[PDB]
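Structure file query.pdb (PDB, C-alpha atoms) follows.
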```pdb
MODEL        1
ATOM      1  CA  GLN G  16     -38.521   7.483 -26.078  1.00  0.00           C
ATOM      2  CA  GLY G  17     -37.073   4.001 -26.469  1.00  0.00           C
ATOM      3  CA  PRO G  18     -35.968   0.934 -24.443  1.00  0.00           C
ATOM      4  CA  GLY G  19     -32.241   1.596 -24.656  1.00  0.00           C
ATOM      5  CA  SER G  20     -30.935  -0.432 -21.725  1.00  0.00           C
ATOM      6  CA  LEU G  21     -34.126  -2.495 -21.459  1.00  0.00           C
ATOM      7  CA  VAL G  22     -32.945  -4.405 -24.533  1.00  0.00           C
ATOM      8  CA  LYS G  23     -30.122  -5.996 -22.534  1.00  0.00           C
ATOM      9  CA  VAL G  24     -32.532  -7.042 -19.792  1.00  0.00           C
ATOM     10  CA  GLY G  25     -34.771  -8.686 -22.367  1.00  0.00           C
ATOM     11  CA  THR G  26     -31.810 -10.530 -23.861  1.00  0.00           C
ATOM     12  CA  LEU G  27     -31.093 -12.210 -20.532  1.00  0.00           C
ATOM     13  CA  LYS G  28     -34.776 -13.079 -20.206  1.00  0.00           C
ATOM     14  CA  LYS G  29     -34.298 -15.031 -23.419  1.00  0.00           C
ATOM     15  CA  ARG G  30     -31.283 -16.772 -21.900  1.00  0.00           C
ATOM     16  CA  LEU G  31     -33.507 -17.692 -18.964  1.00  0.00           C
ATOM     17  CA  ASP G  32     -36.017 -19.462 -21.202  1.00  0.00           C
ATOM     18  CA  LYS G  33     -33.091 -21.303 -22.776  1.00  0.00           C
ATOM     19  CA  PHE G  34     -32.113 -22.678 -19.370  1.00  0.00           C
ATOM     20  CA  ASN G  35     -35.691 -23.824 -18.791  1.00  0.00           C
ATOM     21  CA  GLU G  36     -35.560 -25.944 -21.949  1.00  0.00           C
ATOM     22  CA  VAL G  37     -32.242 -27.568 -21.062  1.00  0.00           C
ATOM     23  CA  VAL G  38     -33.565 -28.147 -17.548  1.00  0.00           C
ATOM     24  CA  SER G  39     -36.903 -29.426 -18.850  1.00  0.00           C
ATOM     25  CA  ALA G  40     -35.022 -32.202 -20.639  1.00  0.00           C
ATOM     26  CA  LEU G  41     -33.256 -33.081 -17.377  1.00  0.00           C
ATOM     27  CA  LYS G  42     -36.153 -33.954 -15.053  1.00  0.00           C
ATOM     28  CA  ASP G  43     -33.635 -34.062 -12.191  1.00  0.00           C
ATOM     29  CA  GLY G  44     -33.301 -31.510  -9.404  1.00  0.00           C
ATOM     30  CA  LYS G  45     -36.323 -29.493 -10.502  1.00  0.00           C
ATOM     31  CA  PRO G  46     -36.900 -27.780  -7.099  1.00  0.00           C
ATOM     32  CA  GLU G  47     -33.413 -26.257  -7.034  1.00  0.00           C
ATOM     33  CA  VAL G  48     -33.631 -25.194 -10.684  1.00  0.00           C
ATOM     34  CA  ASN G  49     -37.163 -23.803 -10.743  1.00  0.00           C
ATOM     35  CA  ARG G  50     -36.300 -22.079  -7.456  1.00  0.00           C
ATOM     36  CA  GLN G  51     -33.193 -20.302  -8.726  1.00  0.00           C
ATOM     37  CA  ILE G  52     -34.559 -19.872 -12.203  1.00  0.00           C
ATOM     38  CA  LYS G  53     -37.661 -18.370 -10.568  1.00  0.00           C
ATOM     39  CA  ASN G  54     -35.949 -15.700  -8.461  1.00  0.00           C
ATOM     40  CA  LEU G  55     -33.937 -14.812 -11.559  1.00  0.00           C
ATOM     41  CA  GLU G  56     -36.937 -14.510 -13.862  1.00  0.00           C
ATOM     42  CA  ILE G  57     -38.386 -12.244 -11.195  1.00  0.00           C
ATOM     43  CA  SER G  58     -35.109 -10.352 -10.851  1.00  0.00           C
ATOM     44  CA  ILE G  59     -34.943  -9.501 -14.553  1.00  0.00           C
ATOM     45  CA  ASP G  60     -38.667  -8.755 -14.647  1.00  0.00           C
ATOM     46  CA  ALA G  61     -38.167  -6.547 -11.593  1.00  0.00           C
ATOM     47  CA  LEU G  62     -35.728  -4.309 -13.449  1.00  0.00           C
ATOM     48  CA  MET G  63     -38.069  -3.990 -16.438  1.00  0.00           C
ATOM     49  CA  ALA G  64     -40.853  -2.693 -14.204  1.00  0.00           C
ATOM     50  CA  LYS G  65     -38.216  -0.444 -12.634  1.00  0.00           C
ATOM     51  CA  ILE G  66     -37.060   0.830 -16.014  1.00  0.00           C
ATOM     52  CA  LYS G  67     -40.551   1.949 -17.018  1.00  0.00           C
ATOM     53  CA  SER G  68     -41.852   2.665 -13.512  1.00  0.00           C
ATOM     54  CA  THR G  69     -38.714   4.522 -12.422  1.00  0.00           C
ATOM     55  CA  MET G  70     -35.630   6.292 -13.773  1.00  0.00           C
ATOM     56  CA  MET G  71     -33.168   3.462 -13.151  1.00  0.00           C
ATOM     57  CA  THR G  72     -29.534   4.156 -14.029  1.00  0.00           C
ATOM     58  CA  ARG G  73     -27.947   2.019 -16.750  1.00  0.00           C
ATOM     59  CA  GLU G  74     -25.058   1.412 -14.354  1.00  0.00           C
ATOM     60  CA  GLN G  75     -27.431  -0.239 -11.890  1.00  0.00           C
ATOM     61  CA  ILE G  76     -28.640  -2.443 -14.741  1.00  0.00           C
ATOM     62  CA  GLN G  77     -25.090  -3.409 -15.703  1.00  0.00           C
ATOM     63  CA  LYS G  78     -24.250  -4.726 -12.239  1.00  0.00           C
ATOM     64  CA  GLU G  79     -27.664  -6.339 -11.860  1.00  0.00           C
ATOM     65  CA  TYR G  80     -26.872  -7.990 -15.169  1.00  0.00           C
ATOM     66  CA  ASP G  81     -23.719  -9.289 -13.512  1.00  0.00           C
ATOM     67  CA  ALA G  82     -25.761 -10.536 -10.561  1.00  0.00           C
ATOM     68  CA  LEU G  83     -27.708 -12.613 -13.060  1.00  0.00           C
ATOM     69  CA  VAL G  84     -24.486 -13.700 -14.762  1.00  0.00           C
ATOM     70  CA  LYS G  85     -23.134 -14.987 -11.450  1.00  0.00           C
ATOM     71  CA  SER G  86     -26.305 -16.838 -10.487  1.00  0.00           C
ATOM     72  CA  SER G  87     -26.904 -17.969 -14.063  1.00  0.00           C
ATOM     73  CA  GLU G  88     -23.300 -19.098 -14.529  1.00  0.00           C
ATOM     74  CA  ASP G  89     -23.585 -21.236 -11.400  1.00  0.00           C
ATOM     75  CA  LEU G  90     -26.859 -22.674 -12.699  1.00  0.00           C
ATOM     76  CA  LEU G  91     -25.172 -24.022 -15.828  1.00  0.00           C
ATOM     77  CA  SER G  92     -22.272 -25.464 -13.858  1.00  0.00           C
ATOM     78  CA  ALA G  93     -24.773 -26.986 -11.435  1.00  0.00           C
ATOM     79  CA  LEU G  94     -26.810 -28.422 -14.301  1.00  0.00           C
ATOM     80  CA  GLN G  95     -23.716 -29.970 -15.877  1.00  0.00           C
ATOM     81  CA  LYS G  96     -22.825 -31.790 -12.668  1.00  0.00           C
ATOM     82  CA  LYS G  97     -26.496 -32.772 -12.511  1.00  0.00           C
ATOM     83  CA  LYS G  98     -26.784 -34.364 -15.958  1.00  0.00           C
ATOM     84  CA  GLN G  99     -23.353 -35.997 -15.750  1.00  0.00           C
ATOM     85  CA  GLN G 100     -24.271 -37.271 -12.283  1.00  0.00           C
ATOM     86  CA  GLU G 101     -27.397 -38.996 -13.600  1.00  0.00           C
ATOM     87  CA  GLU G 102     -28.605 -39.188  -9.994  1.00  0.00           C
ATOM     88  CA  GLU G 103     -30.515 -36.835  -7.694  1.00  0.00           C
TER
ENDMDL
END
```
Please render this file's structure as structure tokens.
Amino acid sequence: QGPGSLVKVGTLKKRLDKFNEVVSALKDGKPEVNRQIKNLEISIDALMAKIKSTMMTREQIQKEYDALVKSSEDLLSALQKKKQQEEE
């Protein structure tokens, strides 16, 4: 038995940490970031526990991955406007 699809989930988790760093160097709009970044970290972690504690279909993981891509994508765009704004 092996991870298989879990690998993808872990990859995103890494992307999450990356956002934390970029956001850590911002110091602006922490509530909104830690809030979204939080539900996402939980989202990804949720799947993992679902992958080992349930026979989750790879298809379900693909879309869920998209759900993270949509929320994550918006986070970056939001961060950009944040840093460039230089004002909370």
Kindly indicate which residue among G:49, G:35, G:58, G:16 lies nearest to residue 84 (chain G), using all atoms listed in the file for the distances.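 Nearest to residue 84 (chain G): G:58.
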Could you pull the residues within 12 Å of residue 57 (chain G), counting only C-alpha atoms, minus those fewer than 5 positions along the same chain, as a list in words? residues 24, 27, 28, 31, 49, 50, 51, 52, 62, 63, 64, 65 and 83 of chain G
Find the smallest box with edges along x, y and z containing every listed atom of region 38-54 of chain G, then add 3 Å on each side and report centre and edge lengths in Å to one decimal, as lines of an AutoDock Vina configuration file.
```
center_x = -35.4
center_y = -24.9
center_z = -13.8
size_x = 10.5
size_y = 24.4
size_z = 19.6
```
Taking into account all atoms listed in the file, which residue in the set G:77, G:86, G:26, G:72 is nearest to residue 53 (chain G)?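 Closest residue, counting all atoms listed in the file: G:86.
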Which residues fall under the PyMOL selection byres ((chain G and resi 98) around 10) in this file, as a PyMOL selection string? chain G and resi 38+40-44+93-97+99-103
Find, counting all atoms listed in the file, the residue in G:45, G:56, G:66, G:92 that gets nearest to residue 19 (chain G).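 Using all atoms listed in the file, residue 19 (chain G) sits closest to G:66.
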Closest of G:33, G:78, G:87, G:25 to residue 59 (chain G), counting all atoms listed in the file, is G:25
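When only C-alpha atoms are used to compute distances to residue 32 (chain G), the closest of the residues G:46, G:82, G:55, G:69 turns out to be G:55.
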